[PDB]
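Asker: Data file model-v8.pdb (PDB, C-alpha atoms) is appended below.
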```pdb
ATOM      1  CA  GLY A   1       0.000   0.000   0.000  1.00  0.00           C
ATOM      2  CA  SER A   2       1.578   3.223   1.231  1.00  0.00           C
ATOM      3  CA  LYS A   3       2.688   2.241   4.735  1.00  0.00           C
ATOM      4  CA  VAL A   4       3.808  -0.812   6.691  1.00  0.00           C
ATOM      5  CA  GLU A   5       1.925  -3.830   5.387  1.00  0.00           C
ATOM      6  CA  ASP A   6       0.548  -5.775   8.330  1.00  0.00           C
ATOM      7  CA  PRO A   7       0.107  -9.497   7.565  1.00  0.00           C
ATOM      8  CA  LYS A   8      -2.334 -11.938   9.176  1.00  0.00           C
ATOM      9  CA  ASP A   9      -0.055 -14.956   8.860  1.00  0.00           C
ATOM     10  CA  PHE A  10       3.572 -16.053   9.062  1.00  0.00           C
ATOM     11  CA  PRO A  11       6.100 -15.514   6.220  1.00  0.00           C
ATOM     12  CA  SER A  12       6.502 -18.149   3.493  1.00  0.00           C
ATOM     13  CA  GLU A  13      10.039 -18.678   4.792  1.00  0.00           C
ATOM     14  CA  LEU A  14       8.650 -20.175   8.013  1.00  0.00           C
ATOM     15  CA  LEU A  15       5.331 -21.622   6.796  1.00  0.00           C
ATOM     16  CA  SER A  16       7.241 -24.759   5.824  1.00  0.00           C
ATOM     17  CA  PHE A  17       8.050 -25.403   9.487  1.00  0.00           C
ATOM     18  CA  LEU A  18       4.631 -24.558  10.902  1.00  0.00           C
ATOM     19  CA  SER A  19       1.611 -26.751  11.589  1.00  0.00           C
ATOM     20  CA  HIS A  20      -0.533 -23.869  10.249  1.00  0.00           C
ATOM     21  CA  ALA A  21      -3.546 -24.851  12.364  1.00  0.00           C
ATOM     22  CA  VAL A  22      -3.852 -23.496  15.898  1.00  0.00           C
ATOM     23  CA  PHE A  23      -7.159 -25.103  16.844  1.00  0.00           C
ATOM     24  CA  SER A  24      -5.628 -28.519  16.235  1.00  0.00           C
ATOM     25  CA  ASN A  25      -6.708 -30.858  19.032  1.00  0.00           C
ATOM     26  CA  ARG A  26      -3.221 -32.197  19.694  1.00  0.00           C
ATOM     27  CA  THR A  27      -0.321 -31.625  22.048  1.00  0.00           C
ATOM     28  CA  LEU A  28       2.574 -29.342  21.120  1.00  0.00           C
ATOM     29  CA  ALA A  29       5.679 -27.696  22.572  1.00  0.00           C
ATOM     30  CA  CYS A  30       7.124 -25.270  20.038  1.00  0.00           C
ATOM     31  CA  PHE A  31       5.093 -22.090  19.612  1.00  0.00           C
ATOM     32  CA  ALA A  32       5.821 -18.915  17.659  1.00  0.00           C
ATOM     33  CA  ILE A  33       4.256 -15.494  18.138  1.00  0.00           C
ATOM     34  CA  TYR A  34       4.438 -13.015  15.274  1.00  0.00           C
ATOM     35  CA  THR A  35       3.881  -9.606  16.868  1.00  0.00           C
ATOM     36  CA  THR A  36       5.376  -6.207  17.622  1.00  0.00           C
ATOM     37  CA  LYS A  37       8.794  -5.853  19.264  1.00  0.00           C
ATOM     38  CA  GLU A  38       7.113  -4.228  22.273  1.00  0.00           C
ATOM     39  CA  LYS A  39       4.566  -7.026  22.599  1.00  0.00           C
ATOM     40  CA  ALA A  40       7.108  -9.800  22.072  1.00  0.00           C
ATOM     41  CA  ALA A  41       9.241  -8.152  24.757  1.00  0.00           C
ATOM     42  CA  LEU A  42       6.482  -8.505  27.350  1.00  0.00           C
ATOM     43  CA  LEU A  43       5.642 -12.077  26.376  1.00  0.00           C
ATOM     44  CA  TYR A  44       9.370 -12.853  26.547  1.00  0.00           C
ATOM     45  CA  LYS A  45       9.370 -12.402  30.325  1.00  0.00           C
ATOM     46  CA  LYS A  46       5.756 -13.394  30.933  1.00  0.00           C
ATOM     47  CA  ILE A  47       5.630 -16.720  29.061  1.00  0.00           C
ATOM     48  CA  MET A  48       9.094 -17.661  30.344  1.00  0.00           C
ATOM     49  CA  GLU A  49       7.957 -17.541  33.965  1.00  0.00           C
ATOM     50  CA  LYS A  50       4.448 -18.738  33.121  1.00  0.00           C
ATOM     51  CA  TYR A  51       5.092 -22.018  31.339  1.00  0.00           C
ATOM     52  CA  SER A  52       8.757 -22.361  32.345  1.00  0.00           C
ATOM     53  CA  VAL A  53       9.831 -22.494  28.683  1.00  0.00           C
ATOM     54  CA  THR A  54      13.048 -24.400  28.014  1.00  0.00           C
ATOM     55  CA  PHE A  55      13.926 -21.904  25.304  1.00  0.00           C
ATOM     56  CA  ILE A  56      12.697 -18.448  24.357  1.00  0.00           C
ATOM     57  CA  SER A  57      14.053 -16.030  21.770  1.00  0.00           C
ATOM     58  CA  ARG A  58      13.028 -12.823  20.017  1.00  0.00           C
ATOM     59  CA  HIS A  59      13.807 -12.762  16.300  1.00  0.00           C
ATOM     60  CA  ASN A  60      13.540 -10.037  13.683  1.00  0.00           C
ATOM     61  CA  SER A  61      11.702 -10.997  10.504  1.00  0.00           C
ATOM     62  CA  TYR A  62      10.755  -8.255   8.065  1.00  0.00           C
ATOM     63  CA  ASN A  63       8.252  -5.748   9.416  1.00  0.00           C
ATOM     64  CA  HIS A  64       7.684  -7.246  12.873  1.00  0.00           C
ATOM     65  CA  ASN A  65       9.170  -9.419  15.618  1.00  0.00           C
ATOM     66  CA  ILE A  66       8.788 -13.162  16.044  1.00  0.00           C
ATOM     67  CA  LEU A  67       8.814 -14.675  19.512  1.00  0.00           C
ATOM     68  CA  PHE A  68       9.957 -18.286  19.401  1.00  0.00           C
ATOM     69  CA  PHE A  69       9.575 -20.367  22.551  1.00  0.00           C
ATOM     70  CA  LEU A  70       9.319 -24.020  23.512  1.00  0.00           C
ATOM     71  CA  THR A  71       7.151 -25.139  26.405  1.00  0.00           C
ATOM     72  CA  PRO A  72       8.305 -28.327  28.197  1.00  0.00           C
ATOM     73  CA  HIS A  73       4.886 -28.913  29.757  1.00  0.00           C
ATOM     74  CA  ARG A  74       2.714 -30.708  27.229  1.00  0.00           C
ATOM     75  CA  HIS A  75      -0.548 -28.946  26.382  1.00  0.00           C
ATOM     76  CA  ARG A  76      -2.975 -28.399  23.503  1.00  0.00           C
ATOM     77  CA  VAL A  77      -2.124 -25.777  20.863  1.00  0.00           C
ATOM     78  CA  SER A  78      -5.359 -23.810  21.316  1.00  0.00           C
ATOM     79  CA  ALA A  79      -4.565 -23.514  25.035  1.00  0.00           C
ATOM     80  CA  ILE A  80      -1.658 -21.199  24.239  1.00  0.00           C
ATOM     81  CA  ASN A  81      -3.566 -19.378  21.502  1.00  0.00           C
ATOM     82  CA  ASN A  82      -6.305 -18.308  23.932  1.00  0.00           C
ATOM     83  CA  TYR A  83      -3.676 -16.843  26.257  1.00  0.00           C
ATOM     84  CA  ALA A  84      -1.853 -14.990  23.485  1.00  0.00           C
ATOM     85  CA  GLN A  85      -5.023 -13.805  21.725  1.00  0.00           C
ATOM     86  CA  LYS A  86      -6.155 -12.307  25.026  1.00  0.00           C
ATOM     87  CA  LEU A  87      -3.230  -9.855  25.009  1.00  0.00           C
ATOM     88  CA  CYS A  88      -4.268  -8.242  21.719  1.00  0.00           C
ATOM     89  CA  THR A  89      -5.638  -5.046  23.209  1.00  0.00           C
ATOM     90  CA  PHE A  90      -2.825  -2.791  21.972  1.00  0.00           C
ATOM     91  CA  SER A  91      -1.402  -4.893  19.131  1.00  0.00           C
ATOM     92  CA  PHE A  92      -2.324  -7.770  16.814  1.00  0.00           C
ATOM     93  CA  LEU A  93      -1.028 -11.318  17.268  1.00  0.00           C
ATOM     94  CA  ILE A  94      -0.207 -14.238  15.021  1.00  0.00           C
ATOM     95  CA  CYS A  95       0.566 -17.244  17.195  1.00  0.00           C
ATOM     96  CA  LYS A  96       0.675 -20.638  15.516  1.00  0.00           C
ATOM     97  CA  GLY A  97       1.987 -24.100  16.232  1.00  0.00           C
ATOM     98  CA  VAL A  98       5.513 -24.898  15.118  1.00  0.00           C
ATOM     99  CA  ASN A  99       5.925 -28.182  13.259  1.00  0.00           C
ATOM    100  CA  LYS A 100       9.722 -28.124  13.241  1.00  0.00           C
ATOM    101  CA  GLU A 101      11.493 -26.361  16.107  1.00  0.00           C
ATOM    102  CA  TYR A 102      15.165 -26.749  15.124  1.00  0.00           C
ATOM    103  CA  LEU A 103      14.248 -26.267  11.462  1.00  0.00           C
ATOM    104  CA  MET A 104      12.313 -23.057  12.136  1.00  0.00           C
ATOM    105  CA  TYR A 105      15.175 -21.731  14.255  1.00  0.00           C
ATOM    106  CA  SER A 106      17.511 -22.502  11.351  1.00  0.00           C
ATOM    107  CA  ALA A 107      15.500 -20.169   9.127  1.00  0.00           C
ATOM    108  CA  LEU A 108      15.162 -17.621  11.929  1.00  0.00           C
ATOM    109  CA  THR A 109      18.954 -17.276  11.942  1.00  0.00           C
ATOM    110  CA  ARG A 110      19.560 -16.395   8.288  1.00  0.00           C
ATOM    111  CA  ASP A 111      19.966 -13.028   6.490  1.00  0.00           C
ATOM    112  CA  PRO A 112      16.474 -11.358   7.004  1.00  0.00           C
ATOM    113  CA  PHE A 113      15.722 -13.251  10.198  1.00  0.00           C
ATOM    114  CA  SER A 114      18.081 -11.801  12.782  1.00  0.00           C
ATOM    115  CA  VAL A 115      18.602 -12.989  16.353  1.00  0.00           C
ATOM    116  CA  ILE A 116      18.045 -10.422  19.077  1.00  0.00           C
ATOM    117  CA  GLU A 117      17.900 -12.153  22.460  1.00  0.00           C
ATOM    118  CA  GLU A 118      17.591 -15.776  23.586  1.00  0.00           C
ATOM    119  CA  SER A 119      17.746 -17.798  26.808  1.00  0.00           C
ATOM    120  CA  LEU A 120      19.856 -20.706  25.548  1.00  0.00           C
ATOM    121  CA  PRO A 121      23.562 -20.111  24.791  1.00  0.00           C
ATOM    122  CA  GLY A 122      23.476 -20.837  21.080  1.00  0.00           C
ATOM    123  CA  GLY A 123      19.887 -21.568  20.140  1.00  0.00           C
ATOM    124  CA  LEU A 124      18.271 -24.978  20.527  1.00  0.00           C
ATOM    125  CA  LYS A 125      20.266 -28.181  20.888  1.00  0.00           C
ATOM    126  CA  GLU A 126      19.824 -31.946  21.252  1.00  0.00           C
ATOM    127  CA  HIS A 127      19.429 -31.508  25.016  1.00  0.00           C
ATOM    128  CA  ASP A 128      16.003 -29.930  24.530  1.00  0.00           C
ATOM    129  CA  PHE A 129      14.682 -32.923  22.602  1.00  0.00           C
ATOM    130  CA  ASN A 130      15.215 -36.682  22.439  1.00  0.00           C
ATOM    131  CA  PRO A 131      17.751 -38.358  20.127  1.00  0.00           C
TER
ATOM    132  CA  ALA B 202      -8.399 -39.818  15.395  1.00  0.00           C
ATOM    133  CA  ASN B 203      -5.936 -42.175  17.103  1.00  0.00           C
ATOM    134  CA  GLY B 204      -3.051 -41.842  14.675  1.00  0.00           C
ATOM    135  CA  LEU B 205      -0.835 -44.159  16.679  1.00  0.00           C
ATOM    136  CA  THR B 206      -0.075 -47.866  16.751  1.00  0.00           C
ATOM    137  CA  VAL B 207      -1.654 -50.063  19.430  1.00  0.00           C
ATOM    138  CA  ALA B 208       1.840 -50.948  20.642  1.00  0.00           C
ATOM    139  CA  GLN B 209       2.828 -47.287  20.973  1.00  0.00           C
ATOM    140  CA  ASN B 210      -0.560 -46.453  22.497  1.00  0.00           C
ATOM    141  CA  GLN B 211       0.305 -48.676  25.447  1.00  0.00           C
ATOM    142  CA  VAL B 212       3.853 -47.300  25.712  1.00  0.00           C
ATOM    143  CA  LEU B 213       2.597 -43.718  25.919  1.00  0.00           C
ATOM    144  CA  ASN B 214      -0.171 -44.726  28.313  1.00  0.00           C
ATOM    145  CA  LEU B 215       2.280 -46.496  30.625  1.00  0.00           C
ATOM    146  CA  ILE B 216       4.299 -43.281  30.905  1.00  0.00           C
ATOM    147  CA  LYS B 217       1.348 -40.957  31.537  1.00  0.00           C
ATOM    148  CA  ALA B 218      -0.329 -43.471  33.859  1.00  0.00           C
ATOM    149  CA  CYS B 219       2.812 -44.026  35.900  1.00  0.00           C
ATOM    150  CA  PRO B 220       2.550 -43.233  39.643  1.00  0.00           C
ATOM    151  CA  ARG B 221       6.186 -42.132  39.656  1.00  0.00           C
ATOM    152  CA  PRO B 222       7.162 -38.432  39.924  1.00  0.00           C
ATOM    153  CA  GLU B 223      10.102 -39.168  37.632  1.00  0.00           C
ATOM    154  CA  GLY B 224       7.637 -40.386  35.045  1.00  0.00           C
ATOM    155  CA  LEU B 225       9.004 -43.426  33.268  1.00  0.00           C
ATOM    156  CA  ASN B 226      12.668 -43.892  32.437  1.00  0.00           C
ATOM    157  CA  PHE B 227      13.863 -45.760  29.344  1.00  0.00           C
ATOM    158  CA  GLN B 228      15.160 -48.466  31.661  1.00  0.00           C
ATOM    159  CA  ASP B 229      11.654 -48.626  33.131  1.00  0.00           C
ATOM    160  CA  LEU B 230       9.905 -48.883  29.771  1.00  0.00           C
ATOM    161  CA  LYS B 231      11.664 -52.150  28.940  1.00  0.00           C
ATOM    162  CA  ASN B 232      11.199 -53.214  32.560  1.00  0.00           C
ATOM    163  CA  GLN B 233       7.418 -52.917  32.386  1.00  0.00           C
ATOM    164  CA  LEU B 234       7.107 -53.973  28.761  1.00  0.00           C
ATOM    165  CA  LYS B 235       9.665 -56.780  28.577  1.00  0.00           C
ATOM    166  CA  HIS B 236       8.245 -57.793  25.191  1.00  0.00           C
ATOM    167  CA  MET B 237       9.322 -54.375  23.933  1.00  0.00           C
ATOM    168  CA  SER B 238      12.753 -54.371  22.349  1.00  0.00           C
ATOM    169  CA  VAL B 239      15.091 -51.406  22.888  1.00  0.00           C
ATOM    170  CA  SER B 240      15.080 -50.709  19.141  1.00  0.00           C
ATOM    171  CA  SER B 241      11.276 -50.630  19.147  1.00  0.00           C
ATOM    172  CA  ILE B 242      11.021 -48.480  22.286  1.00  0.00           C
ATOM    173  CA  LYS B 243      13.501 -45.926  20.925  1.00  0.00           C
ATOM    174  CA  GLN B 244      11.411 -45.568  17.759  1.00  0.00           C
ATOM    175  CA  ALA B 245       8.218 -45.202  19.781  1.00  0.00           C
ATOM    176  CA  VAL B 246       9.831 -42.598  22.022  1.00  0.00           C
ATOM    177  CA  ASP B 247      10.955 -40.596  18.994  1.00  0.00           C
ATOM    178  CA  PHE B 248       7.457 -40.781  17.520  1.00  0.00           C
ATOM    179  CA  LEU B 249       5.843 -39.837  20.836  1.00  0.00           C
ATOM    180  CA  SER B 250       8.259 -36.906  21.000  1.00  0.00           C
ATOM    181  CA  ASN B 251       7.242 -35.758  17.516  1.00  0.00           C
ATOM    182  CA  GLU B 252       3.655 -36.211  18.638  1.00  0.00           C
ATOM    183  CA  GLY B 253       4.554 -33.846  21.466  1.00  0.00           C
ATOM    184  CA  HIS B 254       3.301 -36.205  24.158  1.00  0.00           C
ATOM    185  CA  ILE B 255       6.559 -37.053  25.935  1.00  0.00           C
ATOM    186  CA  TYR B 256       9.842 -35.193  26.415  1.00  0.00           C
ATOM    187  CA  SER B 257      13.286 -35.412  27.971  1.00  0.00           C
ATOM    188  CA  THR B 258      12.871 -33.628  31.300  1.00  0.00           C
ATOM    189  CA  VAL B 259      16.484 -33.647  32.488  1.00  0.00           C
ATOM    190  CA  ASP B 260      17.853 -36.614  30.540  1.00  0.00           C
ATOM    191  CA  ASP B 261      17.234 -38.608  27.354  1.00  0.00           C
ATOM    192  CA  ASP B 262      16.297 -41.609  29.505  1.00  0.00           C
ATOM    193  CA  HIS B 263      14.194 -39.529  31.893  1.00  0.00           C
ATOM    194  CA  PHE B 264      10.859 -39.436  30.067  1.00  0.00           C
ATOM    195  CA  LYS B 265       7.941 -37.367  31.301  1.00  0.00           C
ATOM    196  CA  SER B 266       4.544 -36.382  29.929  1.00  0.00           C
ATOM    197  CA  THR B 267       1.715 -33.917  30.595  1.00  0.00           C
ATOM    198  CA  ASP B 268      -0.981 -33.947  27.929  1.00  0.00           C
ATOM    199  CA  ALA B 269      -2.017 -37.199  26.293  1.00  0.00           C
ATOM    200  CA  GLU B 270      -5.776 -37.085  26.701  1.00  0.00           C
TER
END
```
In structure tokens, write the structure found in this file.
Answerer:
Amino acid sequence: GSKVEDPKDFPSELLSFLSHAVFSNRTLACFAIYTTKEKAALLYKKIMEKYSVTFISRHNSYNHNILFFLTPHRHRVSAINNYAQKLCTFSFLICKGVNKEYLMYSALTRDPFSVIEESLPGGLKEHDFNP
Amino acid sequence: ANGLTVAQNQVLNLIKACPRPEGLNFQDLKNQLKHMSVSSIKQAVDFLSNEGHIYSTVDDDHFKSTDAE
């Protein structure tokens, strides 16, 4: 248009590692929140001490910020969506289930997708999953 | 609906229905299900991990669950 184009979904560069559906009646761990840097900053500290995420990181995409976190406690996808959707009083929110954690992080660490802050010392590893 | 094998269904159930706070270790899986070979259990664990039902709490052998309803 003439200003910042606000999308309603994730970029094609990450859609390949996403489950797409959020109302999927299944358990998940990896969740990504496409929002504003200010919003992702709040969720960064809130979700961390709310679900005791094993890993949380704020990444820069194109026009917004992507909060990538992995919850150890198993729960339904929609359970997280309801919580995130609730905090959309000052900014939008695109939270969807991640199909491939390590794979998504791999894309979130290349050229356009920059790494701002993260809890783990060097992204995700084999210690967060099961070989 | 149940996109899992009957064999794996029991494996996952044994872990989530375990009265142990540690959940169910790999050494415990083969202990309970003696008819389950290590090779088979490892595959099931990997699948259950991809299914997001189980996870390595503080070790690859230390399996734990939360949601499997």
Asker: Nearest residue to residue B:225 out of B:263, B:249, B:237, B:242, using only C-alpha atoms?
Answerer: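 Among the listed residues, B:263 lies closest to residue B:225.
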Asker: Which one is closest to residue B:202: B:247, B:238, B:270, B:265? Count all atoms listed in the file.
Answerer: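 Looking only at the distances to residue B:202, the closest residue turns out to be B:270.
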Asker: If I wrap all listed atoms of stretch 55-63 of chain A in a box with edges along x, y and z and add 5 Å on each side, what are its centre and edge lengths in Å to one decimal, as JSON?
Answerer:
```
{"center_x": 11.2, "center_y": -13.8, "center_z": 16.7, "size_x": 15.8, "size_y": 26.2, "size_z": 27.2}
```
Asker: Given only C-alpha atoms, how would the per-residue table for chain A near chain B read, listing every residue at most 9 Å away with its closest atom pair and distance in Å to one decimal, sorted by chain and number, as JSON lines?
Answerer:
```
{"residue": "A:26", "atom": "CA", "partner": "B:252", "partner_atom": "CA", "distance": 8.0}
{"residue": "A:27", "atom": "CA", "partner": "B:253", "partner_atom": "CA", "distance": 5.4}
{"residue": "A:28", "atom": "CA", "partner": "B:253", "partner_atom": "CA", "distance": 4.9}
{"residue": "A:29", "atom": "CA", "partner": "B:253", "partner_atom": "CA", "distance": 6.3}
{"residue": "A:72", "atom": "CA", "partner": "B:256", "partner_atom": "CA", "distance": 7.3}
{"residue": "A:73", "atom": "CA", "partner": "B:267", "partner_atom": "CA", "distance": 6.0}
{"residue": "A:74", "atom": "CA", "partner": "B:267", "partner_atom": "CA", "distance": 4.8}
{"residue": "A:75", "atom": "CA", "partner": "B:268", "partner_atom": "CA", "distance": 5.3}
{"residue": "A:76", "atom": "CA", "partner": "B:268", "partner_atom": "CA", "distance": 7.4}
{"residue": "A:99", "atom": "CA", "partner": "B:251", "partner_atom": "CA", "distance": 8.8}
{"residue": "A:127", "atom": "CA", "partner": "B:260", "partner_atom": "CA", "distance": 7.7}
{"residue": "A:128", "atom": "CA", "partner": "B:257", "partner_atom": "CA", "distance": 7.0}
{"residue": "A:129", "atom": "CA", "partner": "B:257", "partner_atom": "CA", "distance": 6.1}
{"residue": "A:130", "atom": "CA", "partner": "B:261", "partner_atom": "CA", "distance": 5.7}
{"residue": "A:131", "atom": "CA", "partner": "B:247", "partner_atom": "CA", "distance": 7.2}
```
Asker: For the selection you just gave me, I'd like the residues written to a file as a PDB file, in the frame of the given file, keeping C-alpha atoms.
Answerer:
```pdb
ATOM      1  CA  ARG A  26      -3.221 -32.197  19.694  1.00  0.00           C
ATOM      2  CA  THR A  27      -0.321 -31.625  22.048  1.00  0.00           C
ATOM      3  CA  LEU A  28       2.574 -29.342  21.120  1.00  0.00           C
ATOM      4  CA  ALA A  29       5.679 -27.696  22.572  1.00  0.00           C
ATOM      5  CA  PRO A  72       8.305 -28.327  28.197  1.00  0.00           C
ATOM      6  CA  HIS A  73       4.886 -28.913  29.757  1.00  0.00           C
ATOM      7  CA  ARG A  74       2.714 -30.708  27.229  1.00  0.00           C
ATOM      8  CA  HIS A  75      -0.548 -28.946  26.382  1.00  0.00           C
ATOM      9  CA  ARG A  76      -2.975 -28.399  23.503  1.00  0.00           C
ATOM     10  CA  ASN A  99       5.925 -28.182  13.259  1.00  0.00           C
ATOM     11  CA  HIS A 127      19.429 -31.508  25.016  1.00  0.00           C
ATOM     12  CA  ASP A 128      16.003 -29.930  24.530  1.00  0.00           C
ATOM     13  CA  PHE A 129      14.682 -32.923  22.602  1.00  0.00           C
ATOM     14  CA  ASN A 130      15.215 -36.682  22.439  1.00  0.00           C
ATOM     15  CA  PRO A 131      17.751 -38.358  20.127  1.00  0.00           C
TER      16      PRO A 131
END
```
Asker: Within 12 Å of (7.2, -7.7, 22.1) in the file's own coordinates, which protein, DNA or RNA residues have an atom, counting all atoms listed in the file? List them as JSON, numbers by chain.
Answerer: {"A": [33, 34, 35, 36, 37, 38, 39, 40, 41, 42, 43, 44, 45, 46, 47, 57, 58, 59, 60, 64, 65, 66, 67, 68, 84, 87, 88, 90, 91, 92, 93, 116, 117]}
Asker: Restricting the calculation to only C-alpha atoms: of B:240, B:221, B:233, B:248, which residue gets closest to residue B:204?
Answerer: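 Ranked by minimum distance to residue B:204, first place goes to B:248.
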Asker: Need the shell around residue A:101: protein/DNA/RNA residues with any atom at most 12 Å away, counting only C-alpha atoms. Skip same-chain ones fewer than 5 positions apart. Format as a tab-separated table (two decimals) with C-alpha atoms, in the frame of the given file?
Answerer:
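Saved result, result10.tsv, follows:
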```tsv
chain	number	residue	atom	x	y	z
A	14	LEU	CA	8.65	-20.18	8.01
A	16	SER	CA	7.24	-24.76	5.82
A	17	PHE	CA	8.05	-25.40	9.49
A	18	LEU	CA	4.63	-24.56	10.90
A	19	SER	CA	1.61	-26.75	11.59
A	28	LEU	CA	2.57	-29.34	21.12
A	29	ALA	CA	5.68	-27.70	22.57
A	30	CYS	CA	7.12	-25.27	20.04
A	31	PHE	CA	5.09	-22.09	19.61
A	32	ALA	CA	5.82	-18.92	17.66
A	55	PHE	CA	13.93	-21.90	25.30
A	56	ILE	CA	12.70	-18.45	24.36
A	68	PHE	CA	9.96	-18.29	19.40
A	69	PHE	CA	9.57	-20.37	22.55
A	70	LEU	CA	9.32	-24.02	23.51
A	71	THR	CA	7.15	-25.14	26.40
A	106	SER	CA	17.51	-22.50	11.35
A	107	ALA	CA	15.50	-20.17	9.13
A	108	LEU	CA	15.16	-17.62	11.93
A	123	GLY	CA	19.89	-21.57	20.14
A	124	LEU	CA	18.27	-24.98	20.53
A	125	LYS	CA	20.27	-28.18	20.89
A	126	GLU	CA	19.82	-31.95	21.25
A	128	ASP	CA	16.00	-29.93	24.53
A	129	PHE	CA	14.68	-32.92	22.60
B	251	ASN	CA	7.24	-35.76	17.52
B	253	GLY	CA	4.55	-33.85	21.47
```
Asker: How many Å separate atom CA of residue A:51 from atom CA of residue A:104?
Answerer: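 For atom CA of residue A:51 relative to atom CA of residue A:104, the distance reads 20.5 Å.
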Asker: Work out how far apart atom CA of residue B:245 and atom CA of residue B:209 are and give it in Å to one decimal.
Answerer: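 That distance, rounded to one decimal, is 5.9 Å.
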Asker: So what do you get for atom CA of residue A:112 versus atom CA of residue A:62, distance-wise?
Answerer: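 These atoms are spaced 6.6 Å apart.
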Asker: Name the closest residue to residue A:120 among the candidates A:53, A:98, A:103, A:21; distances are taken between atoms, counting all atoms listed in the file.
Answerer: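 Smallest distance to residue A:120 is found for A:53.
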Asker: Kindly complete stretch 240-251 of chain B to N, CA, C and O atoms; the output should be written as a compact mmCIF listing (two decimals), keeping the file's coordinate frame.
Answerer:
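Once everything was written out, this is out18.txt:
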```
# COMPACT_ATOMS: atom_id res chain seq x y z
N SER B 240 15.19 -51.32 20.46
CA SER B 240 15.08 -50.71 19.14
C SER B 240 13.66 -50.20 18.89
O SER B 240 13.46 -49.11 18.34
N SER B 241 12.68 -50.98 19.32
CA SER B 241 11.28 -50.63 19.15
C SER B 241 10.89 -49.46 20.06
O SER B 241 10.22 -48.52 19.62
N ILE B 242 11.32 -49.53 21.31
CA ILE B 242 11.02 -48.48 22.29
C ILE B 242 11.61 -47.14 21.85
O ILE B 242 10.94 -46.11 21.94
N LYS B 243 12.85 -47.15 21.37
CA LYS B 243 13.50 -45.93 20.92
C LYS B 243 12.70 -45.26 19.81
O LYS B 243 12.52 -44.04 19.80
N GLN B 244 12.20 -46.08 18.87
CA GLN B 244 11.41 -45.57 17.76
C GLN B 244 10.11 -44.96 18.26
O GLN B 244 9.71 -43.88 17.82
N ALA B 245 9.47 -45.66 19.19
CA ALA B 245 8.22 -45.20 19.78
C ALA B 245 8.42 -43.88 20.51
O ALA B 245 7.64 -42.95 20.35
N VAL B 246 9.50 -43.81 21.28
CA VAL B 246 9.83 -42.60 22.02
C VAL B 246 9.99 -41.42 21.07
O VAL B 246 9.45 -40.34 21.31
N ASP B 247 10.72 -41.64 19.99
CA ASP B 247 10.96 -40.60 18.99
C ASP B 247 9.63 -40.13 18.39
O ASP B 247 9.40 -38.93 18.22
N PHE B 248 8.76 -41.08 18.10
CA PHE B 248 7.46 -40.78 17.52
C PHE B 248 6.60 -40.02 18.53
O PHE B 248 5.97 -39.02 18.19
N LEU B 249 6.61 -40.48 19.77
CA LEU B 249 5.84 -39.84 20.84
C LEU B 249 6.36 -38.43 21.10
O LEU B 249 5.62 -37.55 21.57
N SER B 250 7.65 -38.21 20.82
CA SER B 250 8.26 -36.91 21.00
C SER B 250 7.80 -35.97 19.88
O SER B 250 7.53 -34.80 20.11
N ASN B 251 7.70 -36.52 18.67
CA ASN B 251 7.24 -35.76 17.52
C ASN B 251 5.76 -35.47 17.66
O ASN B 251 5.24 -34.47 17.15
```
